[PDB]
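We begin with a single chain expressed as structure tokens, specifically the form deposited in one PDB entry.
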């Protein structure tokens, strides 16, 4: 037990993120103490989802990620039976009330292009928005949903996470884990 990566995750992300991520890993049968790199990834993805939903107007995004699996499905059925939008096969991350699309957020260490395709195969009418620790983004139909500055905030934070990891020599292990 007790890795540097796990102690870094707990000091780097805020407590609400850390425990939402722990709960999700355990819910899906994984242990944050052993799979510490994936622990970092989930918290990162989580924080991006929250920053993303703060990017729009006050009540534009519905957050699906972070909820327990059963409640997350309850709200998207509500969203579907209220929007006449088709029920996705897999849980997405947000719902955009303004543009009436579900959103799948992606946070890749690998190459932006390859990640989007891989995420596209899982499919096929929900919007996809990928961010990288390098500062590159790709979005379905070249529609990036939020304005430049809200997206720029997310990329700034991703690169800060990279640096803090690299400053502790954890970046190498994290990069080659995905």
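Numbering follows the first chain given and starts at 1.
Below, we turn to the form deposited with a small molecule bound, even though it does not appear here.
Only one of 63, 34, 112, 152 lies close to the small molecule in the deposited complex, with a heavy atom inside 4.5 Å, and it is 63. At the 4.5 Å threshold, heavy atoms of residue 145 stay clear of the small molecule in the deposited complex, well away from it.
Contact annotation for residue 54: at least one heavy atom lies within 4.5 Å of the small molecule in the deposited complex.
In the deposited complex, residue 14 approaches the small molecule with a heavy atom inside 4.5 Å. Although the partner is absent here, residue 165 is not a contact residue: none of its heavy atoms lies within 4.5 angstroms of the small molecule in the deposited complex.
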